[PDB]
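In the block that follows, a single chain appears as C-alpha cells, in the form deposited in one PDB entry.
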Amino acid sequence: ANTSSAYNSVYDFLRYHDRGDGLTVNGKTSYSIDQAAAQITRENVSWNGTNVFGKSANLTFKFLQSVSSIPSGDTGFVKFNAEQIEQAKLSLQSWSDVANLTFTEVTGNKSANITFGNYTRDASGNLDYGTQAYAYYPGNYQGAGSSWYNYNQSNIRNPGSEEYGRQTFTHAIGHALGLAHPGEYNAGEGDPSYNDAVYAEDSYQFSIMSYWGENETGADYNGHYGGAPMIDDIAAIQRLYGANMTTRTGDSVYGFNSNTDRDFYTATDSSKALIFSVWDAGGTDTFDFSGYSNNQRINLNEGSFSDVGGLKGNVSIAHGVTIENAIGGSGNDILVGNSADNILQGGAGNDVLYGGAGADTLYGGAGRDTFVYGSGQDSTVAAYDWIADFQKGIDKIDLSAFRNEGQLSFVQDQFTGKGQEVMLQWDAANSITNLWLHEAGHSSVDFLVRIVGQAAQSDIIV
C-alpha cells in the first residue's frame, strides 16, 4: 500500500496532535478534550454553587474605584485605567461568546460577582515589581470572584499593546468563573514547570489557564499570546455553564476579511498573527487565511489544529463546531475538509486539497495543485465532488489511496466489470469531464468526481 506523498501529507496532518485514547505525549499521559475539561473544572465550583453543571448564569462585574483592603494582603491599590477597562471587557466577551453567561457592569456601592483592581506593593508596604496577577474562585466568601493585577508590570498597564496583559485578564477571569490551572501549581509556590504537568496537553496551545508555553507541546506562536479561551478552556467553561448557541449563527468569516468584530479572530494584514480556537453556533463559515505567503496547513475537522500564517498549532476548532470553507494563501498549502460539504480554495502556490466525505467544491487556484481522495465515500454519485478550476497537464487528482485494495487501472470508454478501474468522460455540450471509478466490491459504479474543464489520463495519479 505505497501511497503518494500528497496523500501521506494529508494522512499525517489529520493525526496532528492526536490526544487521549491511551496515548503518551512528552512522556506524559495524554488527555482528551473532555478529560482536560474535567481536570480544569476539578474544583467543581461555579457561580451556581458546588457540583452544578450545565447551568447558565447572569453575572455582574465592577472596576473597583477604591478598597478597604485586598483579600491577599497586597497593598497599594490602583484602579483600572481606560485601556485595562476596554481589554477586560473584551476578555469577558470572549468567555460569554462560548458559554451561557451574561455580564453586566455595576458601579457605585453595588456588589459584583467579578471585580477588577490593581495592586503595587506587598503586605509589608514594599514595592512589588515581580508578581503578575491572581484571582479568587466563585463563592459566598469575602473576595470571591475578585481579580487583581500588578500595576508595576507594563503588560498589565498596557494590555492593548502587550499581549500577555490581555491573556492575563482572560486567565484571571477564568479563575473568577471557576476554572483552575490544569495542574496543582501556582505562582509563589516553589518553582513548578511543565515537567510537573498532570497531562501532556497542559500548555497555552490547549488552555490559557495553563502556566506553560505552547512550545512545550510542539506549537509555536513566535512570541505572541492568544488572549482568548483555547480549545480545552471552551469545553471546560461550557461544562460548568453550558454552550452559548446564539453566537455567530450566521455565515461567519475568520481571519482576513473577518465579520466577527473580534480582534482575536481578525487579521487586518499579512503581518498580523492569528491565535484562536473558534466557537461558532451556526451558518456556513469560512477560514479566510488568504493574506499569508507561508505554507499553511488548514484542517476543518472539529477539535483539530492548523498551522496558520507561519505559526504552528495556532488555530483550532472547538468541539461541537462545524466550519465549512477554507481559503489558503500564496504558499504551498494543505487544506483538509470535514464530513460537511466544503468549498476549499488553495489560492496561489502548489496546494494539496482533500475534501473528505460530503459533496465538496474544490478550487486549486494558480499553481500545480493536487486534489486527494482517500476512499470511495469521499465522492459518491449521490453527493459528488466538483473540481471547478482543474488545469489539464498542471493539476493532478490523487487516487493512490485506492491501492490498498488493488492498483487502479485506466479504461478508455468502458468498464470490464472486474472493478478497480478509472475512466474519464468528456461532455462536449457542457465542457464537463466526469471521472468515474468502479471500486472493488461495488456492483455498481459509485464514485464520481465532476470536473469543470478538460483532464488527461496523465493527470490522474493511480
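The first residue of the shown sequence is 1; numbering continues from there.
Participant: Which is higher on average in the deposited entry, the C-alpha temperature factors of 26-34 or of 403-411?
Facilitator: 403-411 has the higher mean C-alpha B-factor.
Participant: Going by the B-factors listed in the PDB entry, is the mean over the C-alpha atoms higher for 103-111 or for 379-387?
Facilitator: Looking at the recorded C-alpha B-factors, 103-111 comes out higher on average.
Participant: Which is it among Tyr149, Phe256, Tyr241, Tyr141: the one with the largest CA B-factor in the entry?
Facilitator: Each of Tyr149, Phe256, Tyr241, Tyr141 was compared by C-alpha B-factor; the highest is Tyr141.
Participant: Just to confirm, going by the entry's C-alpha B-factors, which of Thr120, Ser277, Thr268, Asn155 comes out highest?
Facilitator: If I rank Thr120, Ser277, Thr268, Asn155 by C-alpha B-factor, first place goes to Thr268.
Participant: Tell me, lowest, middle or highest third: where does the Cα B factor of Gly160 rank within its chain?
Facilitator: Middle third.
Participant: Among the modelled residues of this chain, does the Cα B factor of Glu189 put it in the lowest, middle or highest third?
Facilitator: Highest third, going by the recorded CA B-factors of the chain.
Participant: Report the third (lowest, middle or highest) to which the CA temperature factor of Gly347 belongs, ranking only the modelled residues of the same chain.
Facilitator: As the PDB entry reports it, the C-alpha B-factor of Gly347 lands in the lowest third of its chain.
Participant: Among the modelled residues of its chain, does the C-alpha B-factor of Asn195 lie in the lowest, middle or highest third?
Facilitator: For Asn195, the deposited C-alpha B-factor lands in the highest third.
Participant: Of the three thirds of its chain by CA temperature factor, lowest, middle or highest, which one includes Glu83?
Facilitator: Lowest third of the chain for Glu83's C-alpha B-factor.
FYI, the form deposited with a partner chain bound isn't displayed, but the following is about it.
Participant: Should the three residues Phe103, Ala112 and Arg157 be counted as contacting its partner chain in the entry with it bound, with contact defined as a heavy atom within 4.5 Å for each?
Facilitator: So, no: the whole triplet misses its partner chain.
Participant: Of the options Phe77, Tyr134, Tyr363, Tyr221, which one has a non-hydrogen atom that comes within 4.5 Å of its partner chain in the entry with it bound?
Facilitator: Comparing distances to its partner chain in the entry with it bound, the residue within 4.5 Å is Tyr134.
Participant: Looking at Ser375, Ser161, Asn186, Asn257, which is the one with a non-hydrogen atom within 4.5 Å of its partner chain in the entry with it bound?
Facilitator: In short, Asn186.
Participant: In terms of non-hydrogen atoms within 4.5 angstroms, which of the given stretches 186-194, 363-371, 266-274, 289-297 touches its partner chain in the entry with it bound?
Facilitator: In short, 186-194.
Participant: Taking any heavy atom pair closer than or equal to 4.5 Å as contact, tell me whether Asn332 reaches its partner chain in the entry with it bound.
Facilitator: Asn332 lies outside the contact set for its partner chain.
Participant: Look up in the entry with it bound whether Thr120 has a non-hydrogen atom within 4.5 angstroms of its partner chain, and give yes or no.
Facilitator: So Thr120 does not count as contacting its partner chain.
Participant: Although the partner isn't part of this model, could you tell me whether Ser304 comes within 4.5 Å of its partner chain in the entry with it bound, counting any heavy atom of the residue?
Facilitator: Flag for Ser304 set to no.
Participant: Is it the case that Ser72, even though its partner is missing from this view, gets within 4.5 Å of its partner chain in the entry with it bound, heavy atoms only?
Facilitator: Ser72: yes, in contact with its partner chain in the entry with it bound.
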